[PDB]
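Right, one structure below, let's go through it.
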Amino acid sequence: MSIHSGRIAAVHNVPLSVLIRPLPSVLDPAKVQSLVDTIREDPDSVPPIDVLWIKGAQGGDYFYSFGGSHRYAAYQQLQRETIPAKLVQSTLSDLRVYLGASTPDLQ
Ligand SMILES: Nc1ncnc2c1ncn2[C@@H]1O[C@H](COP(=O)(O)OP(=O)(O)OP(=O)(O)O)[C@@H](O)[C@H]1O
Ligand SMILES: [Mg+2]
């Protein structure tokens, strides 16, 4: 009778450089290193990080990253070009939950 409907999410290898990280990270250096070790020997055991995928007023794609901080840090320390990310389609109102009056008028 019924179906489940929701926002589109898709896992991709996303260049680290395109992830916008507005806020500072709180990091346990031990956990970053444990993650670096895991990524090196068993990357499949490290899930994709969740990323807001926002399309702006004129169709620009923007990728906002808030969580996944330890994984993000670990991929940076490995000088990786990309990171596995679950791109979750999100609206500017979704973004405003994080950014409030600082939310950009994305184009
Ligand atoms: N060696 C490891 N150390 C920590 N987490 C690991 C490790 N290997 C795999 N994982 C997995 O990676 C994910 C890490 O998520 P977690 O929420 O702990 O940190 P984060 O999201 O990267 O950073 P934060 O939550 O601080 O923003 C979890 O799914 C965990 O099971
Ligand atoms: Mg987390």
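For the single chain, residues carry numbers from 1 onward in sequence order. Counting convention: from 1, in listed order, for ligands and their atoms alike. Just so you know, these numbers use all the heavy atoms, side chains as well, and skip hydrogens, waters and symmetry mates.
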Nearest option to atom 10 (N) of ligand 1, as decided by whichever heavy atom of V32, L35, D28, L27 sits closest: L35
Shortest reach to atom 18 (O) of ligand 1 by a heavy atom, considering only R71, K31, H70, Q33: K31
Backbone N/O of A101 and side chain of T103: donor-acceptor pair under 3.5 Å: no
Main-chain N/O of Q77 paired with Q79 side-chain donor or acceptor, under 3.5 Å: no
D37 versus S34, side-chain donor and acceptor atoms under 3.5 Å: no
Distance-only side-chain donor-acceptor flag, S102 / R96, under 3.5 Å: no
Min side-chain heavy-atom separation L95-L106 under 4.5 Å: yes
Need the ligand 1 atom indices (1-based, order shown) with element for anything under 4.0 Å from a heavy-atom of [X].
X   : answer
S34 : 1 (N), 2 (C), 3 (N)
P47 : 11 (C), 12 (O), 13 (C), 29 (O)
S45 : 9 (C)

ILVMFWY cluster, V51 and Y62 together (side-chain gap under 4.5 Å): no
Protein contact for atom 31 (O) of ligand 1 (heavy atom, distance under 4.0 Å): no
Atom 12 (O) of ligand 1 touched by protein (heavy atom, under 4.0 Å): yes
Heavy atom of the protein closest to atom 8 (N) of ligand 1 (residue, atom name, distance): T38 CG2, 3.5 Å
Nearest neighbour in protein (non-hydrogen) for atom 27 (O) of ligand 1: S69 N, 3.0 Å
Ring-face cation contact, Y72 with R21, 6.0 Å cut, 45° max: yes
